[PDB]
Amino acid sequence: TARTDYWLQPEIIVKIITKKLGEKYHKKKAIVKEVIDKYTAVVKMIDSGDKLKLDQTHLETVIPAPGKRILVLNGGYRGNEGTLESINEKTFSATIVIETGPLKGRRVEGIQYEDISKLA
């Protein structure tokens, strides 16, 4: 179905949420350069440029400012790009406008943070 347990895509910004590869990287952002076998990212840290391989469980999507572009990673809108309109922190969700495909222009409320990420 459109719902998968794996979510990484290349060319998105993620936040490293583990200390396991060194405290240097904890809470720091990176670009996903490649996805290997669904669950693993090869990331390049934005600040240092260091390369790491990390499971999805050690990464978090990055929700950008209003007006900025996201990729939909999961659920029925997956594969489309969108514009982040607003967030609802309480429900870990966002409102986006779909920017691609047949539903371009649709305003989608309540898309989970986990299902979208800032495009690099």
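Residue numbers here begin at 1 and follow the sequence given.
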query: Stretch with the higher entry mean CA B-factor, where the candidates are 1-9 and 111-119; finding: 1-9
query: For residue 57, the third of its chain into which the C-alpha B factor falls; finding: lowest
query: Residue 90 CA temperature factor, ranked by third within the chain; finding: highest
query: B-factor third for the C-alpha atom of residue 38 within its chain; finding: highest
query: B-factor third for the C-alpha atom of residue 32 within its chain; finding: lowest
query: Chain-wide C-alpha B factor ranking for residue 78, given as lowest, middle or highest third; finding: middle
